[PDB]
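As structure tokens, one chain now follows by itself in the form deposited in one PDB entry.
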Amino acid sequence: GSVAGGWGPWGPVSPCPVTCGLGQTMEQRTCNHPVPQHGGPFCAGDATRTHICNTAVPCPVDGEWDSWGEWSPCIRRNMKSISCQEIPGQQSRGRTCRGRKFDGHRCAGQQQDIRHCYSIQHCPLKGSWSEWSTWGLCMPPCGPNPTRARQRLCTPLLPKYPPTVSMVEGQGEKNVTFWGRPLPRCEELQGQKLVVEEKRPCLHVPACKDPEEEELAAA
């Protein structure tokens, strides 16, 4: 007697497809609550839907290199200091494989970088002034009264040393890079020995608005 169909309850019809974390199962229901009878309509909408299954087990996480640390001090075996001398040294920087968990993969390539160096750490060197740097950023970029700057630096004159050192074992050679903060000796420019800094304000500076929230301004 024209009785329209009604959905019975959702019940699960497939197993969790994953061996860690969340996955998708399927639920299903029947148009039997009540059954359509005597030209009654079939139930509106879906007899199946997706449902989330939770293993509560963590998945493997592959390791990622963090960025290189600073170059270690430029030194040579059986020498107390090589700084201010035409004496190739050795230095290294390292990085960690961070994040690796639950039998995830190790990082690819080298955890150590090694190079050779001339130490000019705290070495007094004759200094020539740079011309003006390009204008820096406006700071603080959001905070009040943003200002910009450029500099003439007391730039050091590096000793005219070989770019390379001969090896002892190979027929080969190795690059030597100047390392260290030296003491550049300039005559005063604008009664300053190291750095001359100009500043000027930044003009018509916009407020820092969060993209996520922005263009939800009815006001």
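Here the rigid core means the biggest group of C-alpha atoms that line up within 1.5 Å when the two forms are laid on top of each other. The first residue of the shown sequence is 1; numbering continues from there.
Modelled in this chain, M167 is nonetheless unresolved in at least one third of the other entries of the protein that span it on both sides.
The stretch with the higher mean CA B factor, choosing between 94-102 and 129-137, is 129-137. Of the two segments examined, 209-217 and 2-10, it is 209-217 that shows the higher average Cα temperature factor in the deposited entry.
Of the residues listed, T30, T177, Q192, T55, the entry assigns the biggest Cα temperature factor to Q192. Across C43, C154, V165, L158, the entry's maximum B-factor at the CA atom is seen for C154.
Per the PDB record, residue ranking by Cα B-factor puts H122 in the highest third of the chain.
Annotation for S67: CA B-factor lies in the middle third of the chain's modelled residues. Ranked against the other modelled residues of its chain, the C-alpha B-factor of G89 as given in the entry falls in the lowest third. For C186, the recorded CA B-factor ranks within the highest third of the chain. Only modelled residues enter the ranking. In the PDB entry, a CA B factor belonging to the highest third of its chain's modelled residues is recorded for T147.
From this point on, the text means the form deposited in another entry, which you will not see here.
In the overlay on the core between this form and the one not shown, a shift of 2 Å or more in CA position is seen for a single residue of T155, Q192, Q37, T177, which is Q37. Core-superposed comparison between this form and the one not shown: CA of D46 displaced by 2 Å or more. Core-superposed comparison between this form and the one not shown: the CA of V13 exceeds or equals a 2 Å shift.
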